[PDB]
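FYI, side chains are in, hydrogens and waters are out, and symmetry mates aren't considered; it's all heavy atoms of this structure. In what follows, chains carry the letters A, B, and so on, assigned in the order in which the sequence lines appear, proteins first and then strands, with residues in each chain numbered from 1.
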Amino acid sequence: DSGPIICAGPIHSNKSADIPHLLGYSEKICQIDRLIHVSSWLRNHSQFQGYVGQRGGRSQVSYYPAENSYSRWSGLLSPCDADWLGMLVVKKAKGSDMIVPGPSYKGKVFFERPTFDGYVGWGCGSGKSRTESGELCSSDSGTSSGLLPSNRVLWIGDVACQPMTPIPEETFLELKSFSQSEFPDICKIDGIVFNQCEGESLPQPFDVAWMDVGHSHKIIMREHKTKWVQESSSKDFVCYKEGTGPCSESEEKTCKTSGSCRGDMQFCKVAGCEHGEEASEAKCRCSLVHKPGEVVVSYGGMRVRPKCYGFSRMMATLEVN
Amino acid sequence: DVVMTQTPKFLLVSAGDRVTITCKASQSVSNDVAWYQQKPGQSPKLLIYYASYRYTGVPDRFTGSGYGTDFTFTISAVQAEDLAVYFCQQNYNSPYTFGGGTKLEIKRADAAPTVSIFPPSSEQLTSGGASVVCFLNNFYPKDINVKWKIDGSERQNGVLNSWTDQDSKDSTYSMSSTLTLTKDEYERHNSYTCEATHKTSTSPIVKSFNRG
Amino acid sequence: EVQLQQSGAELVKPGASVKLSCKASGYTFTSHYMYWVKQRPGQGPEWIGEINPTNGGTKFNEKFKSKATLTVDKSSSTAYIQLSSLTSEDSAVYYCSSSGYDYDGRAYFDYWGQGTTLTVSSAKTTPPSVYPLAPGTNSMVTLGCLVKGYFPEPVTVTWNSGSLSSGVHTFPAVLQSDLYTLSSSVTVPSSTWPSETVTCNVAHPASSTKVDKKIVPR
Ligand SMILES: *[C@@H]1O[C@H](CO)[C@@H](O[C@@H]2O[C@H](CO)[C@@H](O[C@H]3O[C@H](CO)[C@@H](O)[C@H](O)[C@@H]3O)[C@H](O)[C@H]2NC(C)=O)[C@H](O)[C@H]1NC(C)=O
Ligand SMILES: *[C@@H]1O[C@H](CO)[C@@H](O[C@@H]2O[C@H](CO)[C@@H](O)[C@H](O)[C@H]2NC(C)=O)[C@H](O)[C@H]1NC(C)=O
């Protein structure tokens with residue numbers, strides 16, 4: 001169920017091979033399958049040569065916590081996944097970004113977590129990995145190939161990312177106001193003031209449901225309903241050559257607009273498709289990605305389509321009583 | 001807060017030589033140190049970011065290396081253009097802190113100052129002033145002594161000196177000494193002399209003129 | 001495209017305050033922290049503080065927490081620094097810069113203002129006198145320009161409206177009393193000068209003083 005979306009895991013041979021910018025959605029998803037995006041992130045920010053996700057690709061990334069509802073649906077996008085597709089940004093952790101306790105950081109080369117106001121990734125440079133606490137990168141000869149298995153990657157959180165329906169600032173302000181109401185004893189989350197409490201604890205691990213609705217910070221939630229709507233939009237399909245892999249942006253724009261390519265049931269239903277007498281000797285075939293759909297959060301008497309919906313560990317300070 | 005201890009404070013090297021600047025962070029700053037080159041009159045120009053990445057448009061010779069607390073910046077072959085102050089910057093945790101820079105200076109073959117002296121202008125004598133300007137141009141090294149003689153008698157009061165920065169092109173220094181007498185004081189002497197004590201000639205380079 | 005345009009040179013009496021401004025353009029103003037760095041003549045830079053243009057939230061170098069107030073106007077892409085209680089130790093060049101990772105472009109960026117110069121002094125702004133230096137001959141010839149008794153910095157000396165730029169030595173303005181004196185020499189071929197007019201052009205904006213002096217021969 002949690003296999004690849006489109007591409008079996010990579011077997012890179014050169015850690016110095018360039019990572020190409022691909023325009024095609026099915027191209028980019030294939031990179032996401034091969035954890036080429038995380039490898040890209042690492043090369044960009046962390047003095048990293050090579051790749052993570054060797055052999056195992058995205059389906060084998062480590063998660064915290066390890067029971068992880070959303071990883072079972074390969075087509076559910078983690079923060080790094082959305083970042084590759086331009087939907088959010090996983091920023092490079094700096095000194096003011098708290099590493100949540102809990103995860104097995106040891107030996108990890110990349111981990112990321114949603115934070116109260118964004119998404120933060122920690123990297124390690126070539127031939128280094130993380131200490132058990134994750135505070136430091138230290139030598140690790142076990143990573144000298146620069147082709148690292150997927151378990152050197154840690155995605156913190158049961159997190160799902162999707163195209164949002166933007167909400168007016170006043171709505172977010174109301175959600176924000178409900179969130180404060182539901183968590184009166186949380187003062188700061190991930191350094192960001194959440195409630196006003198002159199008097200607060202050291203930052204504590206904080207596991208919480210939350211949605212990113214595209215404003216200054218996420219809105220954390222206790223009692224809330226979620227609903228998964230299968231929307232069958234063209235982002236929910238992937239177009240490939242069953243062996244030659246994903247199709248060009250032109251090829252995939254054809255299939256999702258002209259209805260002349262091959263496709264599983266849902267794709268022919270919603271975009272049309274031609275079976276038999278393949279006009280092109282090498283035609284493409286689009287299929288639905290394995291995911292429950294788009295999540296609509298009901299919270300504070302409101303319904304939202306958020307950027308991300310997640311349950312994950314953040315750092316919160318507690319009010320002194 | 002985080003101290004960036006940048007050594008050496010000064011380099012003297014010849015065009016072609018390798019230069020290595022070291023910066024030790026008083027605590028771990030990941031790879032979040034940037035290396036700036038700053039030439040006089042200019043703002044700092046980023047060379048290296050993230051400890052070890054050349055900023056875009058940076059020549060191959062500029063490289064940086066480091067993680068944690070030990071950062072090294074290297075010009076694998078210094079070119080005369082690379083006259084500047086270099087400094088690391090930690091941008092890991094606020095307040096971002098700078099290394100005390102490194103003045104890179106080019107060791108270079110010696111050169112006598114071409115000296116030339118300049119009596120007051122008709123315009124300055126009209127206003128009661130009398131500046132006697134002396135340019136000592138394109139010498140090396142920077143060490144140079146200038147003495148003002150009024151009719152053979154040395155003089156110190158009213159002697160203003162400026163030094164250019166080392167030249168980006170020929171790696172030489174250049175100096176301008178001005179001697180502002182009053183007009184009255186100026187009209188009642190004849191020989192005004194600029195005296196250049198420099199490493200090149202054995203006898204002080206001297207140029208002068210005569211007119212009250 | 002990308003430009004941090006800083007406000008112009010400033011001269012304030014001690015104890016006064018001064019507002020320096022930085023207009024950002026060519027990039028999404030709110031996506032990037034603005035930093036202010038102070039640099040005194042011949043010293044290294046001092047990081048003053050960062051302001052989050054989304055928030056007006058600021059982190060300061062503690063040495064400046066009371067000297068500077070940082071604000072940002074999203075509506076005009078302007079970061080301001082209000083430097084109060086000015087003494088002479090506040091005279092310096094102040095840079096605004098944004099640097100960091102551009103997550104949109106997916107490249108590091110490092111953008112600096114042109115610098116804004118602050119002189120903390122009660123000395124009166126003073127137009128300079130500008131004096132030709134004819135060499136009263138040999139293979140080359142060196143001319144000169146004396147720009148004398150102006151306050152404050154800066155002064156821009158160009159030779160031949162800037163068309164004469166090689167062989168030029170403009171010397172650091174020297175402060176003495178509370179007037180600056182600046183010197184510039186220019187070396188040209190001997191056949192060039194007496195026949196082709198050389199003129200130092202000197203601008204002292206504080207006094208709105210622009211003057212050209214042709215170095216007529218002796
Ligand atoms: C790591 O840094 C890489 C270098 O910037 C970056 O690749 C660059 O990504 C951008 C946008 O994702 C691409 O920008 C342009 O791409 C084409 C032009 O060929 C246009 O169609 C786009 O609209 C856009 O203007 C760059 O092409 C691309 N550069 C290279 C050399 O690949 C990676 O995305 C970065 N990775 C991470 C994880 O941040
Ligand atoms: C490693 O991958 C790279 C890129 O695919 C190749 O190595 C070099 O890459 C540079 C640019 O990055 C280009 O000059 C050439 O593509 C390669 N030149 C050399 C001298 O190798 C190559 O595919 C791999 N390198 C190996 C196998 O040594």
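Interface residue A:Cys137: backbone and side-chain heavy atoms are both found under 4.5 Å from chain B.
Around atom NZ of A:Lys128, more than 12 heavy atoms belonging to other residues, nucleotides or ligands sit under 6.0 Å away.
Across A:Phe48 and B:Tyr53, no two heavy atoms sit closer than the pair N-OH, 4.1 Å.
Within residues 91-104 of chain B, the residues approaching chain A closer than 4.5 Å by heavy atoms are, in numerical order, B:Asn91, B:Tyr92, B:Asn93, B:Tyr96. Below 4.5 Å, heavy atoms of chain B meet no heavy atom from residues 143-153 of chain A. Using a 4.5 Å heavy-atom cut-off against chain A, the contacting residues of residues 60-78 of chain B are B:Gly66, B:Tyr67. Within residues 93-106 of chain A, the residues that have a heavy atom under 4.5 Å from a heavy atom of chain B are A:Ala93, A:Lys94, A:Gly95, A:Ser96, listed by number.
Contact check for B:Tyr50 versus A:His45: side-chain heavy atoms found under the 4.5 Å cut-off. Here the side chains of A:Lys92 and B:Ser30 are in contact, with some heavy-atom distance below 4.5 Å.
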